[PDB]
Amino acid sequence: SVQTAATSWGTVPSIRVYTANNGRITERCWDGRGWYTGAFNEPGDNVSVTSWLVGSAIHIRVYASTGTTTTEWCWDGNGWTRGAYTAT
Amino acid sequence: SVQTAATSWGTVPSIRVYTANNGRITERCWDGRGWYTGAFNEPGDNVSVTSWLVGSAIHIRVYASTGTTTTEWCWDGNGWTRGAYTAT
Amino acid sequence: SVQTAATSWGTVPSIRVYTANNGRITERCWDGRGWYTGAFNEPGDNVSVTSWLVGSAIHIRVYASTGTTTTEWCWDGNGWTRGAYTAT
Ligand SMILES: OC[C@@]1(O)OC[C@@H](O)[C@@H](O)[C@@H]1O
Ligand SMILES: OC[C@@]1(O)OC[C@@H](O)[C@@H](O)[C@@H]1O
Ligand SMILES: OC[C@@]1(O)OC[C@@H](O)[C@@H](O)[C@@H]1O
Ligand SMILES: OC[C@@]1(O)OC[C@@H](O)[C@@H](O)[C@@H]1O
Ligand SMILES: OC[C@@]1(O)OC[C@@H](O)[C@@H](O)[C@@H]1O
Ligand SMILES: OC[C@@]1(O)OC[C@@H](O)[C@@H](O)[C@@H]1O
């Protein structure tokens, strides 16, 4: 079936749910006012996520795997970019 | 194989481990006094979870996927209920 | 494809990413100074993880599943050991 990963922060809370479906990962967001589709959309058959706070900023890392290749995607306040993670 | 998701809170800690096995998700709980089977039992081939605290209350969200349908299950102090999440 | 699980702590942060690949789980670590391969290497087709702090100590629980058997692996400051978790 489809495969999901979830993270949350604060007391509202904000929630992010990533779904790997048919080889692509999309993102659903809850910030207390209804679910909506987030900016993240990248290839992947499997997804995991972790997030942390630094002061009042959220940092998200999404690990997207297709075949034996895992790409780390980073949210640090200004869009998603590929991170330095490799599996080695 | 079977597929799991885990979350934890506090310093004991409390741990919840969800296992999707043969199309159903069950829940194992640790609160410092041995593992036991929790109340959660719902359909699902894949599971993810996140949890947060608000004061001294735990909130748990379990994302249960069967086929292309993902159901959010909510624990907010008084049993499990379906939440508003949709994948769209 | 391969399957991952991720956790993080602190503000650096420290990140641990577990990958189940070809029936074994390995561990990649980030502590602010580059990714490296961690000590964890055990059988598993599926992996989940949770971690918590107690004061200034990290506790990690990795749930490694092969077939219908799930083994809990514990990091509590001094190597990985099997924990008491069972699925029942
Ligand atoms: O719109 C909300 C948003 O900016 O929140 C942070 C990330 O989850 C983004 O992908 C998402 O679009
Ligand atoms: O700022 C981005 C970055 O340095 O954040 C920490 C890790 O996720 C790294 O792989 C990643 O490149
Ligand atoms: O008995 C412990 C319990 O109430 O803890 C909160 C939830 O994890 C429930 O499913 C579970 O049964
Ligand atoms: O109180 C339940 C609820 O509002 O909690 C926040 C989100 O998990 C929603 O989908 C869900 O319906
Ligand atoms: O070297 C860093 C390390 O000790 O950090 C704690 C655990 O993640 C270990 O498996 C890992 O080797
Ligand atoms: O100290 C190890 C241990 O007691 O930690 C809490 C749970 O993870 C248990 O299954 C595990 O045996």
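Readers should treat all values here as calculations from the given coordinates under stated rules, not as data from a laboratory. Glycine also receives a Cβ, built like all others from the backbone with ideal geometry; neighbour counts cover every protein chain displayed.
Could you list which residues have their amide H under 5 Å from that of B:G38, counting only those 5 or more apart in sequence or on another chain, with H placed in the peptide plane?
So B:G38 has HN proximity to B:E27, B:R28, B:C29.
Would you pull out the residues with amide H under 5 Å of A:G44's amide H, same chain only if 5 or more places away, H placed 1.01 Å from N?
A:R24, A:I25
Just to confirm a number: summing +1 for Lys and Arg and -1 for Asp and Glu over residues other than A:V49 whose beta-carbon lies under 9 angstrom from that of A:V49, what do you get?
+2
Classify the protein assembly as shown as rounded, prolate or oblate from the Cα gyration tensor: take a ≥ b ≥ c as the square roots of its eigenvalues, call it rounded if a/c is under 1.5, otherwise prolate when a/b beats b/c and oblate if not.
Taking the square roots of the gyration eigenvalues as a ≥ b ≥ c, the protein assembly as shown is rounded.
Taking amide H positions as placed in the peptide plane 1.01 Å from N, state which residues far from B:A87 in sequence (5 or more) or on other chains have amide H under 5 Å from it.
B:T70
Indicate the gyration tensor shape class of chain A (rounded, prolate or oblate), computed on the Cα atoms with a ≥ b ≥ c the square roots of the eigenvalues: a/c under 1.5 is rounded; otherwise a/b larger than b/c is prolate and the rest oblate.
Judged from the Cα gyration tensor, chain A comes out oblate (a/c at least 1.5, b/c at or above a/b).
Work out from phi, with θ = phi - 60° and the Karplus expression 6.51 cos²θ - 1.76 cosθ + 1.60, the ³J(HN,Hα) of each residue of the range A:48-64, listed in order in whole Hz, and give x for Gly and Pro.
10, 8, 9, 9, 8, 9, 10, x, 10, 10, 9, 10, 10, 10, 10, 9, 10
DSSP loop (so not H, G, I, E, B), at most 13 other Cβ within 10 Å: list which trypsin sites (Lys or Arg not before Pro) in chain A pass both filters.
Loop-located and lightly packed - A:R33.
Give me the distance between the Cα centres of the range A:31-88 and the range B:2-63, rounded to whole Å.
Taking the Cα centre of each part, the range A:31-88 and the range B:2-63 sit 23 Å apart.
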